[PDB]
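The residues making up each chain are set out below.
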Amino acid sequence: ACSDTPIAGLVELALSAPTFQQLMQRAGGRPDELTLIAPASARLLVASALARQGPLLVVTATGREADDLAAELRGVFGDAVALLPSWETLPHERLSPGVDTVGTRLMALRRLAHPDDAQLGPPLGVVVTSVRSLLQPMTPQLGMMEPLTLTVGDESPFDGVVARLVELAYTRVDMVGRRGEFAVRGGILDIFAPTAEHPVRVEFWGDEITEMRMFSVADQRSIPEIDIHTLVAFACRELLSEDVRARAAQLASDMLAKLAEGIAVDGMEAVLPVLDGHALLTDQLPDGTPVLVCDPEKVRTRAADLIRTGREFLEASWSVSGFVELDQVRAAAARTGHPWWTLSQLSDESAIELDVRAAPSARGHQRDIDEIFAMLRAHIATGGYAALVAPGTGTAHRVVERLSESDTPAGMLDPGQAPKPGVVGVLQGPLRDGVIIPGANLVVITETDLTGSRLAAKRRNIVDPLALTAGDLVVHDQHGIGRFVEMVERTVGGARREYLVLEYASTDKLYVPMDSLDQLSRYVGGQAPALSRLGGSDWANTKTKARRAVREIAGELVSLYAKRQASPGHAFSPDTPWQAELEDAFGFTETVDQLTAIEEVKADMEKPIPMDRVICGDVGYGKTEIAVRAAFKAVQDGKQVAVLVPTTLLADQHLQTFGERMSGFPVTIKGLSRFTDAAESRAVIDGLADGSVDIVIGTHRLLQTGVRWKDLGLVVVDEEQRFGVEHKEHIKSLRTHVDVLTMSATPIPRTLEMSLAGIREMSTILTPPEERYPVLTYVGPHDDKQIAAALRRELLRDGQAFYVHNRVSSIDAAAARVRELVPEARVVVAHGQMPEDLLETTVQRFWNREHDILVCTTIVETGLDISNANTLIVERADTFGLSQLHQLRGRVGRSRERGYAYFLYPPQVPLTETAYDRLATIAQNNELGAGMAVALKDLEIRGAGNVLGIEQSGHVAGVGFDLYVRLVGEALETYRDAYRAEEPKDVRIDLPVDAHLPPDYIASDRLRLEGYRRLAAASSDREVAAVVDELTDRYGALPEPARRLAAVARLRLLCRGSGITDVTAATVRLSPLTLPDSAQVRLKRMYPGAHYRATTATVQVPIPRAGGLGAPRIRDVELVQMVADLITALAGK
């Protein structure tokens, strides 16, 4: 059928087998009891047998066991089956669960009560969830809870719409950062529904909606690709009318107290039982629908585990139950008209055994696959039906190439059709493990049955709100270092003019206007105060003695461009036909903003010129995956590659990632780490020479002397910063003759990416925020239960955890202190003072699941990417700068597994409220906003710095980082334009005009400075008239006070384009721009009253009065276009 149900063709065939027919026949009368004993590898069509007959809810053991099944049902039943997301936090945990998890659940519950009302989607047929939602004492008023539907033609009032948003647990913010937020512009509304991949911008005209259009949180700009006209945004919590406020104060203290008030606080979810009506899920299911149960011996145990965690968390909350029993919840199934069906793979003669059996499973060794391809190569001979299922179309086509290579007929199938009678009609599908049904002579083998073991990047165009906290420190170009105090307004003459005040050392104040924000930036160099430059004539010396200092970095960085352009090299052939068969192992839809990272890195390879490209990203994987795509093209042209890493752990992480991905393609991928014994070295090195090792991945061992590649074609270096000094040069002597591919994690500002775009082509990738699942942050006193009670949670799903402790004198002692809390777990110490041999050993055990908890220091937590350690705990978070935390919890929640983060402070020693501003900031609007974003802007130190040369600590403290990397930029631009075979000064304008960003247009302060900056830095009207295209997209049509602000901006450009410094005034006078008698008299008829001086020009001009005798003045608008005309007339335009 429709391509969205690809696997339905294969399943409808298997279901035709009689073993399901009777199973469908027996489960056709809705028997109040049932018992089936079939292999667990076939949970999908067991439901797909009961599903279309009886619309049912299925229960999986874990959440992952629900998702893997929920896709196996969506692939056949399209969107008729919806996943019911299990929760994340325990009912009495102080962490509100994920907003997406809440809404995605609310969406499901309203589909139940209104399946025929397809206001959002088709009627639900099947539901999937773990037990943890089945035991949820849900307040039943959800399917009867109305969301806030909107439509373009609506008449909904402004202040009423927000009044329901704020009632639906929506957090007002400056700018929309995450799901569950919203902001109000002037008559324009920005909200973020939790069930959408993108937020929206519903535009109002009084009480009539003018427009609805999504927008990308990255740059907060809209997108025109998809136009929508209606929205549905369920609440973010499972509870807050005026009814419960009384039920809060009448009964942690501030929580219910603020709950009684209009102050919603985190952790409200722990007050659901107090605020009856324990309507279980069977009391929310539609009338007369059964419940399928998988692995009872698991869910039973799983039920107990969820139960004990409850009391384990309640008694943890008593530091200043949970789910109902399974049998009682079961007692309502046959009490509310709901059968109870059992599934199990354990042998049984009492129940109904199904004739379906398991399927083979090869792990890596192709020899076993020959014993599987032959099984395919024989069952089809007896007219048998068979088709290999795979997740990726590119891989599915490889199977056709791989089966025919093994002397076996094959062929890709149309999505939604059964396998052909005789051929292997390979079909893309999300099935996990193969299954064989003799009831139709049918055999299906998923690609996982060979791998045994089983998400893209994005480009950059972002914003920068000038968050300036009082007492901060900034660099002013023409003046020098400063100390920031406050943002002053001044209504002098009816017209506003906002300013910024800076404090100096001594002629002590300085109001920087809004036409000079491009000349300000933070200070990062000294990491400590320096001489606050006084307004005088010594700071300029510090500048002039710095421009000369950049020559070494000027000549060197521009030299590599000369050498690379001189030395030609192998231009790689275009994309091998095999390329678009590895790149499509995932059924996901590619993003035309992730392609541009490869086509950038590809075309650079495709030139005869070598490649000098750099990737600076935080994702860790999405850029790592880019390597395998490039390294695949290279060896396809017959040119072995080399991959460099600074940690032997990284050599193994990548090698497994490479091997798993490059499994099924003939490319040798041997590796060279420290723990690869020398008996394996001599096989690698020699294998490198004879052209057998197609791909080598190794530590600094690959740099030492006695190595040689047979015409190495591609070098990939990962996180150059960790590499040693003398190793950092042996790669500098390597970028000249081979297409190196540098990749780092230091975040680079958007200056370098364009400041040096001809020299070193750098690129910055970042996982788009609307696609990252945030980490549930907690901030509380240092309790020895809440830690341990949290530890066992992550430990339940066989995950690990980071327990950081900086002060190296206690970490050894504070290590065992953990074990007394959790002795059942495994803990290890790790820090920088550990020698080389011990550290990469202790860490390598960690990645191989020989341990459960890592007592690391702030360093080792960073630079360690673990696909399972989704739990962070931080003792004494009061001693940590705001930035490090953002790096710290970045390591948790990278994969699909949602991650937590526990920040702790001493028990009864009250922390400074300044530090309270720290730990509150990390709790509220974390990923971006006012506070934390100001930190990662200061992250330009390593970003702008360590990406090029290093921090010359003596030549920065006094100029600051931002001014350093900005200085070599034009210094390189001087060297760029130099070989071909001083810019004008600043202009000051003071006109009686209303040119300001009014607060009623831009409510916030920082969001107002960016527009002031983003417009005062534009270099051409094309750029000036461009920010307007952004402002109306974000805040609405420019009011007349702003149109003048745009007007004077162009007037500056025309003035600068004509050599003008001061245009001052009823006597409009301009700069010393001199005039010849040719035009010096041309002004007569043009403007009579004026006059001019040949030496000190200062062209004086009178103001025009319209009308007759009443003597007004020409309107503000009519003025600027006049001044923008006489300038054009003088020079001639």
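Residues numbered from 1 in each chain as written, not as in the entry; some residues may be left out. Heavy atoms only, no water. Residues with missing side-chain atoms left out of burial classes, pairs and counts.

Per the deposition metadata, X-ray crystallography was the technique used to determine this entry, at a resolution of 3.60 Å.

Here we take up the overall build of the protein chain. The number of helices and strands found in the protein chain is 39 helices and 42 strands. For the protein chain, whose C-alpha radius of gyration is 34 Å, the value lies close to the compact-globule estimate of 32 Å for 1133 residues. On the principal axes, the C-alpha backbone points of the protein chain span a range of 110 × 80 × 65 Å. (Helix = DSSP H or I, 4+ residues; strand = E, 2+ residues; numbered from the N terminus. Rg over C-alpha atoms; globule rule 2.2 N^0.38 Å.)

Our focus in this paragraph is the side chain of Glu840. Of note, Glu840 is situated in helix α26 (residues 836–847). At 2.2 Å, the side chain of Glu840 and the side chain of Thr648 are in polar contact. Leave out the neighbours within four places in its chain, and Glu840 touches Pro646, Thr647, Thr648, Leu649, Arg674 and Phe675. (Polar contact = N/O pair within 3.5 Å; in protein donor to acceptor, adjacent residues only side chain to side chain. Contact = heavy atoms within 4.5 Å.)

Here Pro115 is to be found in the loop between α5 (99–113) and β4 (126–130). You can call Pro115 partly exposed: its relative accessible area is 22%. Sequence separation of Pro115 and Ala80 is 35 residues, and the distance between their C-alpha atoms is 9.8 Å. Excluding residues within four positions of it along the chain, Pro115 makes contact with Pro122, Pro123 and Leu124. (Buried < 20%, exposed > 50% of the residue type's maximum accessible area, 1.4 Å probe, protein only.)

Another aspect to go through is the packing of aromatic side chains. Tallied over the entire structure, the rule returns eight aromatic pairs. A ring pair is formed by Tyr170 and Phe182, whose centres lie 6.5 Å apart and whose planes are at 40°; its orientation type is tilted. Placement of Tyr170 in the loop between α7 (158–165) and β6 (171–172) and of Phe182 in strand β7 (residues 181–184) is noted, with a sequence separation of twelve residues between them. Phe182 carries the same exposure label as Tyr170, and that label is buried. One aromatic cluster in this structure is built from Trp578, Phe632 and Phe665. In this structure, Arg201 packs its charged tip against the face of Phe215, placed 4.3 Å from the ring centre. (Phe/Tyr/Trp six-rings, centres within 6.5 Å; stacked < 30°, edge-to-face > 60°. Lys NZ or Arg CZ within 6 Å of the ring centre and 35° of its normal.)

This part is about the packing of helix α3 (residues 43–53) against helix α4 (residues 63–77). Following both chains from N to C, one finds α3 and α4 inclined at 55°, their axes separated by 10 Å at the closest point. As summarised for this structure, α3 and α4 are arranged oblique, according to the angle between their axes. Considering the relative orientation of α3 and α4, their crossing is right-handed. Residues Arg43, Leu44, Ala47, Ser48, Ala51 and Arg52 of α3 touch α4, and the partners they reach there are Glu65, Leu69, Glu72, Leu73 and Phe77. (Axes fitted to C-alpha atoms, helices over the stretch in contact; angles between N-to-C directions. Parallel < 35°, antiparallel > 145°, perpendicular 65-115°, else oblique. Left-handed = near helix turned anticlockwise from the far one by under 90°.)

Right, let's get into the domain arrangement of the protein chain. Entries for the protein chain in the domain assignment read domain 1 (18–143 + 275–353), domain 2 (148–233), domain 3 (366–451), domain 4 (572–606 + 621–744), domain 5 (775–926) and domain 6 (1014–1131). On a C-alpha basis, the centroid separation for the pair domain 1 and domain 6 is 71 Å. (Domains from an automatic or database assignment.)

Let us now look at the environment of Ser222. Secondary-structure assignment places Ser222 in strand β11 (residues 221–222). The class of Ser222 is buried, set by a relative accessible area of 16%. Considering only alpha carbons, one finds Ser222 and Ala1, 221 residues apart in sequence, at a separation of 35 Å. When near neighbours in sequence (up to four residues on either side) are disregarded, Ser222 contacts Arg201, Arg213, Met214, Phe215 and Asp1033.

Overall, parallel pairing links the seven strands, which are arranged β3-β4-β2-β13-β14-β1-β15 in an open sheet. The two strands at the open ends of the sheet, each matched to only one other strand, are β3 (81–83) and β15 (352–353). Inspection of the sheet shows strand β1 (residues 36–37) paired to β15 by two bridges, in the parallel sense. By the bridge assignment, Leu36 is partnered in β15 with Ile352. Set on the sheet, α4 makes contact with β2 (57–60), β3 and β4; between it and β4 the angle comes to about 165°. (Pairing = 2+ DSSP bridges.)

The subject of this paragraph is unusual backbone geometry. Phi at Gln220 takes a positive value of approximately 55°, unusual for a residue other than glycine. When you line up the elements, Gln220 lands in the loop between β10 (208–216) and β11. For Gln220, a relative accessible area of 5% corresponds to the buried category. The residue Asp798 is not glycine, and still its phi comes out positive at about 55°. With respect to the helices, strands and loops of the structure, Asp798 is situated in the loop between α24 (784–796) and β34 (801–804). With relative accessibility at 56%, the residue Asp798 sits in the exposed group.

Turning to the pattern of salt bridges, a few remarks are in order. Applying the stated criterion across every chain yields a total of 57 salt bridges. Linking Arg221 and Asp1033 is a salt bridge whose minimum nitrogen-to-oxygen distance equals 2.3 Å. Taking relative accessible area as the criterion, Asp1033 reaches 6% and is therefore assigned buried. Here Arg966 ties to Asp477 by a salt bridge, and the two come within 3.5 Å at their closest N and O atoms. Accessibility expressed as a relative area gives 32% for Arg966, which makes it partly exposed. A cluster of three or more residues bridged by salt bridges with shared partners is formed by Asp575, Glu583, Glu590, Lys602, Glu625, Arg629, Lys633 and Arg661. (Salt bridge = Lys/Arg side-chain N within 4 Å of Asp/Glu carboxyl O.)

Turning to the packing of helix α16 (residues 551–566) against helix α33 (residues 961–978), a few remarks are in order. At a minimum axis distance of 10 Å, the contact between α16 and α33 shows a crossing angle of 55°. Relative to α33, the element α16 lies oblique. For the pair α16 and α33, the sense of crossing is right-handed. The segment α16 lies against α33, with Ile553, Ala554, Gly555, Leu557 and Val558 engaging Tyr964, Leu972 and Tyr975. Considering only residue class, the contact of α16 with α33 consists of seven nonpolar, one polar and no charged. (Nonpolar A, V, L, I, M, F, W, Y, C, P; charged D, E, K, R; others polar.)

The six strands are arranged β6-β7-β8-β9-β10-β11 in an open sheet whose pairing can be described as mixed. With one partner strand each, in any of the chains shown, β6 and β11 form the two edges of the open sheet. Relative to β10, strand β9 (residues 200–205) runs antiparallel, the two being bridged by six bridges. From the neighbouring strand, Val200 faces β10, where its bridge partner is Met214. Sheet strands in contact with α7 are β6, β7, β8 (188–191) and β9, and its direction is about 15° off that of β8.

Side chains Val641 and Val643 of strand β27 (residues 641–644) all project onto a buried face; the interleaved residues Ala642 and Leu644 project onto the opposite face, where all are buried too. Here four bridges tie β27 to strand β29 (residues 695–698), and the two strands are oriented parallel to one another. In the strand pairing of β29, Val643 is matched with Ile697.

With 15 residues, helix α19 (residues 622–636) extends 22 Å from end C-alpha to end C-alpha; this agrees with the ideal 21 Å at 1.5 Å per step. Along α19, 14 of the 15 residues are buried, which leaves the element largely enclosed by surrounding structure. Looking one or two places after α19, you find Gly638, whose phi comes out positive at around 70°. (Expected span 1.5 Å × (residues − 1).)

Take a negative patch on the surface next. Judged by side-chain charge, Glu970, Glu973, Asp977 and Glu983 come together as a negatively charged surface patch. Structurally, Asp977 is set in helix α33. (Patch = residues over 30% accessible without salt bridge, like charges linked within 9 Å, V, L, I, M, F, W, Y side chains within 5 Å. Areas by Shrake-Rupley, 256 points an atom, 1.4 Å probe, with all protein chains shown as cover. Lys, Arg positive; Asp, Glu negative; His and termini not counted. Charge placed at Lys NZ, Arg CZ, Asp CG, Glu CD.)

By secondary structure assignment, the location of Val435 is in strand β19 (residues 435–437). Taking relative accessible area as the criterion, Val435 reaches 12% and is therefore assigned buried. The spatial distance from the C-alpha of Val435 to the C-alpha of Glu447 is 12 Å, given a sequence separation of twelve residues. Setting aside its immediate chain neighbours within four residues, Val435 contacts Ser41, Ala42, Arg357, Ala359, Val443 and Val444.

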